[PDB]
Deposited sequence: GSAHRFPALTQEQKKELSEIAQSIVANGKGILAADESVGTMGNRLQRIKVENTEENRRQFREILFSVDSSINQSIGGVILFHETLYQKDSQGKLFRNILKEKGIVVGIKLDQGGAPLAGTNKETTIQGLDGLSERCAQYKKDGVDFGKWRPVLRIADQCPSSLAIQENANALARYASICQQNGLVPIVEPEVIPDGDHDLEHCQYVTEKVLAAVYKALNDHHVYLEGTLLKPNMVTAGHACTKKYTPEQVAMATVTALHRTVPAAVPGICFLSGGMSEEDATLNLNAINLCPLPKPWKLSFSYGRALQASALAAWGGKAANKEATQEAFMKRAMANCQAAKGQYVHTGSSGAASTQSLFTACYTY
């Protein structure tokens, strides 16, 4: 379904996102979500408010391009502009961060819909179908794989997220995954030009990491260049300990074990902003801390 070229691009990007213990940032919080978030620190869920907190993020020192490989965006954000009229879309394309687009059971028209984003500054997508049976599994999976196979046609690296929202977890995770990658091998996907955002099998980070790797190394091929875990609910310190642990786990791991965090990278930064554009530096620090912290968990050198 591809030409050497198309692959070269897909792989070049997939790897370039996790290249050196680098991870992925979630700047795709839905319109409501962002409000539940900004709510915790009593700021209104207004376009501006969002554009602002985010302007902060993407304006940190150009050394951030070392802990982050790419930032996924929510449609709106992906067309928002910084105080200078510059597109949040090019501010990243500069430093060296790749822009992603939260696409989300939306198979129809997600072709020319992608081809758009790709040519707007996005290079990879992100689709999600929740899991916690036989007709679902095979579906979400064959669904994923379907979705994925398109992005390839539209120079987009697809991050597959067969998440299993909250050891018994292992068995499940393994099966789901085993279906998922099988599914992909059928639609003749290009694993090498893929990525995987699996949940983190949730116990001490050691164990939590153990079970997790065993599962992945039992199912996810060595052709997938990376496995950026999502933190979904883990406190900023736990998402780091576990990713770290996962990287120290004594199992084979033919693939970059990274992070694709949102809450684990913002919680502190966002709480330090609280809407007062006067705390810009404070926010950028709580974010620089988490960004670096997890860049270490990704190379298992964190402590």
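- In this chain the deposited sequence has gaps in the coordinates at 1 to 7, 112 to 126, 155 to 160, 195 to 200, 237 to 244, 346 to 365, listed in sequence order.
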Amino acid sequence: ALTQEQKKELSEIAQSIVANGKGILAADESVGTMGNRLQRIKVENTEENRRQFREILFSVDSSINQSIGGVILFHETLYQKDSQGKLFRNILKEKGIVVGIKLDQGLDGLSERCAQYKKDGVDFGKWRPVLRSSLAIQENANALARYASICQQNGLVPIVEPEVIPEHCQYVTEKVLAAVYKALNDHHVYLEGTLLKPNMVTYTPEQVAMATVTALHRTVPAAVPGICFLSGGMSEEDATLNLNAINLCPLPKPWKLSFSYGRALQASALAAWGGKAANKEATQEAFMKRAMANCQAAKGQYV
From here on, numbers count along this sequence of modelled residues.
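- Comparing the deposited coordinates for 143 to 151 and 190 to 198, the stretch with the larger average C-alpha B-factor is 190 to 198.
- When the C-alpha B-factors of 176 to 184 and 116 to 124 are averaged, 116 to 124 comes out higher.
- Ranking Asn247, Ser59, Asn65, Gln39 by Cα temperature factor from the entry places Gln39 first.
- Listed residues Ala239, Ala267, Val43, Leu251 were ranked by CA B-factor as deposited; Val43 comes out on top.
- When all modelled residues of the chain are sorted by CA temperature factor, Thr3 is found within the highest third.
- In the PDB entry, a CA B factor belonging to the highest third of its chain's modelled residues is recorded for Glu281.
- In this PDB entry, the Cα temperature factor of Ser111 sits in the top third of its chain's modelled residues, the highest group.
- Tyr261: CA B factor in the middle third of modelled residues in this chain (values from the PDB entry).
- The deposited CA B-factor of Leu10 belongs to the lowest third of values across its chain.
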